[PDB]
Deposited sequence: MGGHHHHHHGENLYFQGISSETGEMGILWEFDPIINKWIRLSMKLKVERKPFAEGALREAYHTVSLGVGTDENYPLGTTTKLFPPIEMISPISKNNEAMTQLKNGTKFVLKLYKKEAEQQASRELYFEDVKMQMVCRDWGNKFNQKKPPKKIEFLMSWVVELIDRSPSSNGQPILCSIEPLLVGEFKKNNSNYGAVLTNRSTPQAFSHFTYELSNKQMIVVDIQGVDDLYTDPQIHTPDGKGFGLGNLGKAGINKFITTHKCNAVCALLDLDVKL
């Protein structure tokens, strides 16, 4: 039959969240799992507005000043339109997850999308793209728990061979140039204030990346700070794409 959700889209250029609704139908069992999450095949039963589901309240997160009152322009209306097959992700059985973490995870994926666009403006041999991600509140479910409402993230379905190219702790898992050159690009151009790793997906369409920052603050559970940054440095070998972008040989 399906279930309702409040759907949240972040737009970095206006620095605001857009609040929508959708109906979806999720398979009972996951098709894949990672270190932290389980992934479920899902179908869209349509995207709509949030008009029927008022915010009310204060404790509100995101805070009201961070939400656009207008939602007419969005990615969800196209990318999650009625009939679309996509992916829903839940944290495995959890304790360290707050409401804020889900939004932080989605914002992080959006920040990576901006880095992808920045990398592409340099005219690399292979352009890259990160998938959209959204927060969904599964408002038809009881809170179970703990009493906490049920949240998840959703993303488009990748079709093809899913491959991890690097991890968030120094592993270089494939021999391809582009994913490693991009990680290096983000480190140099950010004045070493961040790096994008966990570059994974189908060809150069990536998802669930991870950012480290020197102070380790923000960017979710997987931000391993200076330690994560140094691990990347220890195993990074510059390649033909690094050289084309004129990246520093010393990190």
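- Residues of the deposited sequence with no modelled C-alpha atom fall in the ranges 1-21, 80, 116-117.
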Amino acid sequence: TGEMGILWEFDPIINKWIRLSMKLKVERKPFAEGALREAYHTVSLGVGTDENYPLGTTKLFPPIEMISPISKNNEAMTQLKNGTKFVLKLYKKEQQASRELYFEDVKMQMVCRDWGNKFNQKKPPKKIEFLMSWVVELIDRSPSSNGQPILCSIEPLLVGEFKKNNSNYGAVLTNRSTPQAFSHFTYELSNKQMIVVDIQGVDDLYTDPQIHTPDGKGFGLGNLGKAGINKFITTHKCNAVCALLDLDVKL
From here on, numbers count along this sequence of modelled residues.
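Superpose the two forms; the largest set of C-alphas matching within 1.5 Å is the rigid core.
- In 6 other deposited structures of this protein, superposed on the rigid core, the segment with the larger root-mean-square CA displacement between 35-43 and 219-227 is 35-43.
- Taken in 6 other deposited structures of this protein and fitted on the core, 72-80 and 127-135 differ in how far their Cα atoms move from the shown form, and the one that moves more is 72-80.
- Annotation: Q210 does not belong to the positions left without coordinates in a third of the other compared entries; each one with flanking residues models it.
- For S183, the fraction of other compared entries lacking coordinates, among those that model flanking residues, is zero, nowhere near a third.
- Comparing 184-192 with 32-40, the higher mean C-alpha B-factor in the PDB entry belongs to 32-40.
- Annotation for 59-67 versus 211-219: the higher mean temperature factor (C-alpha) is found in 59-67.
- Residue-level inspection of the entry shows that, of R176, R113, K107, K122, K122 has the top Cα B-factor.
- Based on the entry's C-alpha B-factors, the most elevated value among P54, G225, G46, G201 belongs to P54.
- In this PDB entry, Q96 carries a Cα temperature factor that places it within the highest third of its chain's modelled residues.
- For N168, the recorded CA B-factor ranks within the middle third of the chain. Only modelled residues enter the ranking.
- Ranked within its chain, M4 lands in the middle third, by CA B factor from the PDB record.
- In the deposited entry, the Cα temperature factor of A76 places it in the middle third of its chain's modelled residues.
- Sort the chain's modelled residues by C-alpha temperature factor and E161 lands in the highest third, per the entry.
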